[PDB]
Structures are given as structure tokens and as C-alpha cells.
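Going in written order, the chains are labelled A, B, C, D, E and F, and every chain counts its residues from 1.
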Amino acid sequence: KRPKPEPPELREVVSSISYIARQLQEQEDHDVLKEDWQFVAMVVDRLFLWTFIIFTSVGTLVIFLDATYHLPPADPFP
Amino acid sequence: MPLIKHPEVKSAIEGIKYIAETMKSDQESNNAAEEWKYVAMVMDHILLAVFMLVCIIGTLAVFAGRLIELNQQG
Amino acid sequence: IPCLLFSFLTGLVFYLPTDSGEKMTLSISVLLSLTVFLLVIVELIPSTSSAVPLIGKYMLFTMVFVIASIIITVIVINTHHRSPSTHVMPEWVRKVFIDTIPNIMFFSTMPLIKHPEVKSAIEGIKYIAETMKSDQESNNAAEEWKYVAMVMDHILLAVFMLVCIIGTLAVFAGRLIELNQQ
Amino acid sequence: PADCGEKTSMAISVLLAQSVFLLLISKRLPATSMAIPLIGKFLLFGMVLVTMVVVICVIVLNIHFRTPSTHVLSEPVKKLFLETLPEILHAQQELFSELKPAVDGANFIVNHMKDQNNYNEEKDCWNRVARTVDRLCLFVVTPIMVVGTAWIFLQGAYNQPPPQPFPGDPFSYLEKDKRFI
Amino acid sequence: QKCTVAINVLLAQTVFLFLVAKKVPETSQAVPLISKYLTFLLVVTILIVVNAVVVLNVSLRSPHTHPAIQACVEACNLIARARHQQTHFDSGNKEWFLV
Amino acid sequence: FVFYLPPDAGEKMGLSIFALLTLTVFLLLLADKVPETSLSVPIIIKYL
């Protein structure tokens, strides 16, 4: 589950503050794209965890059952 | 890829201008840093394919020279 | 000779800063090299239990030396990430590691427009200033612990090099002087 | 620590050293099945313990690096791992026409700072929970390892030959106890 | 990852010590050429690790060890002063990095 | 469990490759014990 629900003196001051606001908005947008990529990375990681568990269990079970069910013959001369 | 003009007020104005200029310089540096990062990314994307191709080709060149002979003899 | 080189490498981790993120790599890899060299030694040295060989004493000394280096490095690294949010600096640590020792070294102790939006901006500027004031205070508190870790690193670099030399001599010097005095 | 201390590398390196010691031991004994060697018992126990510690370190790093944008910090979980267990273990519009961009921008900066503060505080809370779990695992795992090591080695430390060569025979078969006719 | 690379190279060289340990003659009139060369390579790797530690120490040396308007202007001055301090800190760190 | 490790911890490659290195050490362990014939592959080598 993703948490995210989706005068000459003062003119320079106003323009500067506008620049800081624009810079922080750009940083926020870059952050949003970064969490999108990171969330897809996490989702792919969980999918790979589950299929790795499945492959591990299946292969280990097949090999272990092949080893376990190899018994000596009851008759020396079949 | 109308003004007080006290030294504190003027210092505050200069400080805001300084924040803006410092952030401008930081962005300008980050742009060229990202350019170098992109170049390194492109070389990585090329050399992944080059190295996978070499991994296939060298193994085949080492072993096929005798395996194809062993296939021909029989 | 390889045991001597590993013993020399053992004390090198105390000059490596903790901010490199490589202290544990260095120490653990020295231990791994020593463990792999144990194969060489079990191959090359007789397996007799009548007495401990002198060379075997040197081996055990070097092994214990590396393990002690790893333990002490864990202590230093734990000290270096102590923060005001989690730990309070004891007075004895400040008395010893800041003033008593570093004084010997050469570093640093280290009109009315009231409106719902305008008033919000005023209070927000004040809040930002207070926030970064608190951040500066916490940063200084962390730098204190960092300085403590740096001082311990210096002292224990000196101690480990000294003990490396002394333990190289203490295992070997007796028989060597006996041989030379023939 | 979970930020400068590479925990899983250290743990898997301990596992590697244990494997090298198994390599050393494997050449020196016959591959019989009457019993497991005592050193073999200790090595198997230690390798299982190191595997469990690696799993614990992975879980603790999963706890440490959680963020608000990825996980929700539940109040019962936070209260359990931050309060209980830490204790247990231990005119006037021409002017406004030009100042409105400034006021709007400044409010945006303040909101951005507040959001970053909340984000970092939640990161710190997750770090504290990870540290609490680590301290609990320290107080659990280490006594188990000490007890298991002592139990394994006290079998061999107290293993002695019997005082008589033959159970059921009280004769010592020594020169001094020679049996005349 | 300087120290990782250097020390892992040293680990590989120790594996090589084990490989040659089973092949060199065991007399003591002279040191074999291969043994001399492996010892030299070991010592070179040790010196590389020493220099890596020294260079990282030098590079990571932080410089610390080598009405309401009158309140608003104070807060803004404090903010600007803190940012200037941070910029000076960054400049010092860069200087140590270049050294 | 490498897939449960966060990417931000920066310890995935280390864990996985050192697991591979330990596997190679156990291959070295097994090299002294296995039969050297080529008519089939032992099941333990298949597992390894």
C-alpha cells in the first residue's frame, strides 16, 4: 500500500522570494518522480522476493525428494 | 543533458539576495555535474551490451573451435 | 612476514575516518585475510601438541590483535553516531577526551497590514529561524561526539602500533638474542 | 549503527570465516556417521546463529530505512517500540499587487520547511525503533550463544577416559597392583 | 571504495599465497624468485592501503578540526548568517578535497 | 533475504556476492571428496 493518496529595494526581495518558491517547487516535482521510480523498485523487489522463494522451494524440494526416495533394493538380484 | 534604511533592514534584504544567489550558483554547478553523470550513464549503457557480447563471443571462440571438430569427426 | 604485515595492517583502521564508511570493511577484510592464511599455516607447520611453537604464539597474538581491533573499532563507530536525540554526553567524557588529551594535540575542542496570510508569513519566517537555530544546536552536539571519536582514534592508533612492535619483539627477541649470543 | 556500520557485510564475513574453518576441519577426520564432532557441532550451531543474525540485521535495516512515503508508522507499534521496550530492556492594493507573490512564495517556503521537518522526524522515529529492536536482539541472541557454546564445550572439557580399562572390572591392570598367585 | 578495493586485492593475494604454498620447495639456502615477488606484491598492496587511508584522512578533514518588522529582520539576518556559515564550511571541505 | 534489504542501505551486492564466495569455498571443500568419473553428475553437485 502506497501512503501517498495523490520601490527598487523591495522589488529585488520579491523576485528573490519568487525564485526560492520556484526552486522548491521544482525540487518537489523531482522528488515526486524519484519516489515513483523508488516505489516501482520496491514493487519489483517484492515480486522478485516471492518468485525467488517459489523457485528455491520447488528446486530444493525436487532435489531433496530425489535424494530421499533413493533406497537400496530389497532383492540383491532383481 | 517610505523605507526605514536601518542597517538591519538593509542586511536582511542583502541576505535574501544572498540566499537567491547561492541557490543559483548551486543549481548551475549541479547542471554540469548532471552533464558528467549523463556521459557516464551513456558509456555504461554502451559497455553493458559490449561486455555481454564479449562474454558470449569469447566463450564460443574458445570452445567451438574444438566442439565443431568433435561434431565433424563423428 | 605475512603475519607481520597483517599485524601492521591491524592498526591502520584507527587513522581511517568514520565518515569514509570503510572502517569495518578494512578491519573485517584483514580478519578474512588472516583466516585464509590459516590454511597456509595449517599446511606448512607441524601438527604437534607437545608444545606451542613460538611462531604459533605469534599467530595467536596477531589473531587476538585483529579481533581486538574489530571490537574497539565497533566501539569507536558507535561513539561517532551518538546524537543528542539518543544520548546525553557524560561529564567525564567531556573532562577527559575534550580537554585533558586534545590540549596535547593540535585541533579544535569542538501601516497595519495584519491579515491571515501576512501574519502567517511573519510567524513562518520566525518559525524557520527557530528551526535552523535548533538544527545548529543539534549539529554542534553531534560534532562533540565526533571529536571524541577522533581523539580515541588517535590514541588507539598510537597504542596499536606500539603494541604491534612490542608483541613482535616479545615473541621473537629471546631466541634471536640467544642465537646471536652463541 | 545502521548508517555508518555495514552490519550485513560483517555478519556474512563471519559466515565466510566459519566456512573456511569447516574447510580446515573437513580434511582431518573420517566421514563417519556414528556422531557429529564437537567442533563440528559448534560450527553448525555458530553458522545457524550467524544466519539468524543476518536475517535480524536485514529486518533491522528494513525498519531503519522506512520513510513516510513508503510506510505508515502505526501508533501501537510506535508506542510499543519507543515507550515500553526501551524501558523494559533498561489604496493598499497597488502595494498588495506586488507583495502578493512575495507573501504566497513565503508561505510556500514555510509549508515546505514544515513538511521536511515532519518527514525527518518520522525518519528519526523509525531509526529509534530500529535501535530498540537491535538492543532487544542483543539481549536475546548473545546469552543464547554463550549458553550454547558453554554447553557444547563442557562435554569435551569433562570428557575423560574411565578410571578402569574395562567397565565392570575393578582391576587397574597396573604394575603396582600386580596379582600374585 | 578505495579501501574496499585495496584490501580485497590483498585478500586475493593471500589466496594466491595459499595456492603457491603447495608448490614451492621447502629448503632454506635461498628465497625462491616467486616467493620474493609475492612478498613484494604484498608489500606494494600494503603501501597502497596505507596511502588510501592517509588520503581519505586528508580529504575528509572537516574545517572544524583542520514592532514585528524588527523581529523579522533579526530572524532573516540569522537565517542569512547561518547559510553563509554553511557556504564557508562547504568551501573549506572542497579545499581539503582538492589537497 | 537480499530482496528484503532496502536499496538505501547499500548492502545488497555485498551480501549476495559473499554468499556466492561462501558457496565457492564449499565447492573447494567438496572437490577433495567427489568421484572424478564422467558417466553422470552427483546429486550433491547438482544441488551445489
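The working rule: a residue touches a chain if its C-beta (ideal position, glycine included) is under 8 Å from a C-beta of that chain, and two chains touch if they have at least 3 such contacts.
**Student:** Which chains are in contact with both chain B and chain E?
**Tutor:** none
**Student:** Calculate how many whole Å lie between the centre of chain C and the centre of chain E, each centre taken as the average of the chain's C-alpha atoms.
**Tutor:** So the centroids are 14 Å from each other.
**Student:** Just how far, in Å, is the C-alpha centre of chain C from the one of chain B?
**Tutor:** Their C-alpha centroids are separated by 34 Å.
**Student:** Any idea how many Å lie between the Cα centroids of chain A and chain F?
**Tutor:** 25
**Student:** Report, in whole Å, the distance between the mean C-alpha point of chain C and the mean C-alpha point of chain D.
**Tutor:** Centre-to-centre distance between chain C and chain D: 21 Å.
**Student:** Tell me, which residues of chain B touch at least two other chains?
**Tutor:** Those would be 16, 19.
**Student:** Provide the list of chain A residues touching at least two other chains, using ranges where the numbers run on.
**Tutor:** 10, 13, 17, 20, 38
**Student:** Taking each residue of chain D in turn, which ones touch at least two of the other chains?
**Tutor:** 6, 9, 13, 16, 20, 23, 104, 106, 109
**Student:** Using the contact rule from the top, write out all pairs of chains that touch.
**Tutor:** The set of touching chain pairs is A-B, A-D, A-F, B-E, C-D, C-E, D-F.
**Student:** Give the list of chain F residues in touch with chain A in this complex.
**Tutor:** 3-4, 7, 43, 46-47
**Student:** What part of chain F is in contact with chain D in the complex they form?
**Tutor:** Interface residues on the chain F side: 1-2, 4-6, 8-9, 11, 14-15, 18-19, 21-22, 25-26, 28-29, 32-33.
**Student:** Quick check: in the complex, which residue numbers of chain D touch chain C?
**Tutor:** For chain D paired with chain C, touching residues are 1, 3-6, 9-10, 13, 16-17, 20-21, 23-24, 92, 103-104, 106-107, 109-110, 113-114, 117, 124, 128, 131.
**Student:** Under the touch definition given earlier, write down the residues of chain D that touch chain F in their complex.
**Tutor:** Those in contact with chain F are residues 2, 6-9, 12-13, 15-16, 19-20, 22-23, 26-27, 31, 54-55, 58-59, 61-62, 64-65.
**Student:** Would you pull the chain B residues touching chain E in the complex into a rising list?
**Tutor:** 4, 6, 8-9, 11-12, 14-16, 18-19, 22
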